[PDB]
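*Asks:* Let me give you the structure first, and then I'll get to my questions.
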Amino acid sequence: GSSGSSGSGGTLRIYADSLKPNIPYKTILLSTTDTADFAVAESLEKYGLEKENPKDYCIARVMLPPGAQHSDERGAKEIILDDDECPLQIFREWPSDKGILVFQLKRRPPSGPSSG
(Lines of atoms letter the chains of each structure in order from A and count residues from 1; the text may use other names and numbers.)
(Lines give C-alpha, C1' and ligand atoms only; values in the text may rest on other atoms or scores of the structure.)
Protein backbone atom coordinates (compact mmCIF):
# COMPACT_ATOMS: atom_id res chain seq x y z
CA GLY A 1 0.00 0.00 0.00
CA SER A 2 0.97 3.62 -0.52
CA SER A 3 -0.78 6.96 -0.17
CA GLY A 4 -0.30 9.47 -2.96
CA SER A 5 -2.08 11.43 -5.66
CA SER A 6 -2.59 14.87 -4.16
CA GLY A 7 -3.05 18.32 -5.64
CA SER A 8 -1.71 18.25 -9.17
CA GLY A 9 2.01 17.52 -9.16
CA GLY A 10 2.75 18.24 -12.80
CA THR A 11 2.54 16.91 -16.34
CA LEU A 12 5.13 15.82 -18.88
CA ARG A 13 4.62 15.33 -22.60
CA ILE A 14 6.55 12.22 -23.60
CA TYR A 15 6.47 12.35 -27.39
CA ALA A 16 9.10 9.65 -27.77
CA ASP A 17 8.92 9.92 -31.54
CA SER A 18 10.84 6.76 -32.34
CA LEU A 19 10.20 4.00 -29.83
CA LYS A 20 6.53 4.31 -30.71
CA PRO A 21 5.74 6.10 -33.97
CA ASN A 22 2.19 4.79 -34.11
CA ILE A 23 1.30 6.85 -31.06
CA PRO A 24 1.74 10.62 -31.31
CA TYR A 25 2.43 11.95 -27.83
CA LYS A 26 1.98 10.64 -24.30
CA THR A 27 1.29 12.52 -21.09
CA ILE A 28 1.82 11.06 -17.64
CA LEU A 29 1.43 12.62 -14.21
CA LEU A 30 4.95 13.58 -13.20
CA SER A 31 6.20 15.21 -10.03
CA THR A 32 9.04 17.54 -9.10
CA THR A 33 11.01 14.68 -7.60
CA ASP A 34 10.31 11.52 -9.55
CA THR A 35 13.20 10.13 -11.57
CA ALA A 36 13.67 9.14 -15.20
CA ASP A 37 13.47 5.41 -14.59
CA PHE A 38 10.01 5.89 -13.12
CA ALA A 39 8.85 8.02 -16.03
CA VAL A 40 10.46 5.62 -18.48
CA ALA A 41 8.51 2.66 -17.13
CA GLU A 42 5.35 4.73 -17.00
CA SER A 43 5.78 6.01 -20.54
CA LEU A 44 6.50 2.45 -21.62
CA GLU A 45 3.41 0.97 -20.02
CA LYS A 46 1.42 3.84 -21.45
CA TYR A 47 2.40 3.08 -25.02
CA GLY A 48 1.90 -0.54 -24.04
CA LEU A 49 5.47 -1.56 -23.29
CA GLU A 50 4.76 -3.29 -20.00
CA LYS A 51 7.51 -5.80 -20.71
CA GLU A 52 10.43 -4.01 -22.32
CA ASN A 53 13.39 -3.06 -20.17
CA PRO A 54 12.96 0.45 -18.76
CA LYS A 55 16.55 0.30 -17.58
CA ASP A 56 17.63 0.22 -21.21
CA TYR A 57 15.58 3.25 -22.16
CA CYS A 58 16.08 6.67 -20.61
CA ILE A 59 14.68 10.17 -20.90
CA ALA A 60 16.58 12.16 -23.50
CA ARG A 61 15.80 15.86 -23.32
CA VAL A 62 15.84 17.85 -26.53
CA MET A 63 16.81 21.50 -26.26
CA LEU A 64 16.41 23.97 -29.10
CA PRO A 65 19.40 26.05 -30.20
CA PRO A 66 19.86 29.76 -29.44
CA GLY A 67 19.95 30.67 -33.11
CA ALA A 68 16.62 29.22 -34.17
CA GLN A 69 13.52 30.98 -35.45
CA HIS A 70 11.91 29.51 -38.55
CA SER A 71 10.92 25.90 -38.02
CA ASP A 72 10.39 23.50 -35.14
CA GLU A 73 13.15 21.46 -33.54
CA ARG A 74 15.37 23.28 -36.00
CA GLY A 75 18.54 21.20 -35.81
CA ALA A 76 17.90 20.54 -32.14
CA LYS A 77 20.39 18.55 -30.10
CA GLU A 78 19.22 16.32 -27.28
CA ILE A 79 21.33 15.16 -24.36
CA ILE A 80 20.53 12.01 -22.40
CA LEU A 81 19.97 12.47 -18.69
CA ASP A 82 21.80 10.80 -15.82
CA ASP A 83 18.97 8.66 -14.50
CA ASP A 84 18.00 10.16 -11.17
CA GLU A 85 17.16 13.47 -12.80
CA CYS A 86 13.83 15.24 -12.98
CA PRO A 87 12.23 15.69 -16.40
CA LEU A 88 9.54 17.77 -14.73
CA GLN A 89 11.57 19.91 -12.36
CA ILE A 90 14.13 20.50 -15.08
CA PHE A 91 11.45 21.91 -17.35
CA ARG A 92 9.71 23.77 -14.55
CA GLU A 93 12.90 25.78 -14.28
CA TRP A 94 13.96 25.69 -17.91
CA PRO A 95 14.90 28.91 -19.72
CA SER A 96 12.77 29.47 -22.80
CA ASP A 97 15.60 31.52 -24.25
CA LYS A 98 17.67 28.35 -24.24
CA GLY A 99 14.95 26.98 -26.49
CA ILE A 100 11.98 24.66 -26.20
CA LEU A 101 12.41 21.55 -24.08
CA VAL A 102 11.22 18.09 -25.04
CA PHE A 103 11.61 14.74 -23.32
CA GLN A 104 11.71 11.79 -25.68
CA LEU A 105 11.89 8.14 -24.66
CA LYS A 106 14.61 6.18 -26.42
CA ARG A 107 17.54 3.91 -25.69
CA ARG A 108 20.58 5.50 -24.09
CA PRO A 109 24.33 5.18 -24.72
CA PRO A 110 25.83 2.41 -22.57
CA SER A 111 29.47 3.12 -23.34
CA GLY A 112 30.46 5.11 -26.40
CA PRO A 113 28.61 6.12 -29.57
CA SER A 114 26.81 3.55 -31.68
CA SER A 115 25.99 0.50 -29.58
CA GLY A 116 25.77 -2.01 -32.40
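Think of each number as a place in line: the chain as shown, counted from 1.
Placement of Cβ uses the backbone N, Cα and C atoms for every residue, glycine included.
Quick paste from the PDB entry:
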type	residues	note
SEQADV	1-7	cloning artifact
SEQADV	111-116	cloning artifact
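Relevant sequence annotations retrieved from Swiss-Prot are reproduced here:
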type	residues	note
DOMAIN	8-110	domain 'Ras-associating 2'
MOD_RES	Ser8	phosphoserine
MOD_RES	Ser18	phosphoserine
*Asks:* Give me the DSSP three-state residue breakdown of the cloning artifact (111-116), ordered helix, strand, coil.
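*Replies:* Going by DSSP assignments, the cloning artifact (111-116) contains 0 helix, 0 strand, 6 coil.
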*Asks:* Taking each of the modified residues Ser8, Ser18 in turn and counting other Cβ atoms within 10 Å of its Cβ, which one has the fewest?
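*Replies:* Counting other Cβ atoms within 10 Å of each of the modified residues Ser8, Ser18 gives the minimum at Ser8.
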*Asks:* Give the three-state DSSP assignment (helix, strand or coil) for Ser8 (phosphoserine).
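*Replies:* Reduced to three states, the DSSP call for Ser8 (phosphoserine) is coil.
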*Asks:* Which whole-number value in Å describes the distance between the Cα atoms of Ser18 (phosphoserine) and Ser8 (phosphoserine)?
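*Replies:* Cα to Cα, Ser18 (phosphoserine) and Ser8 (phosphoserine) are separated by 29 Å.
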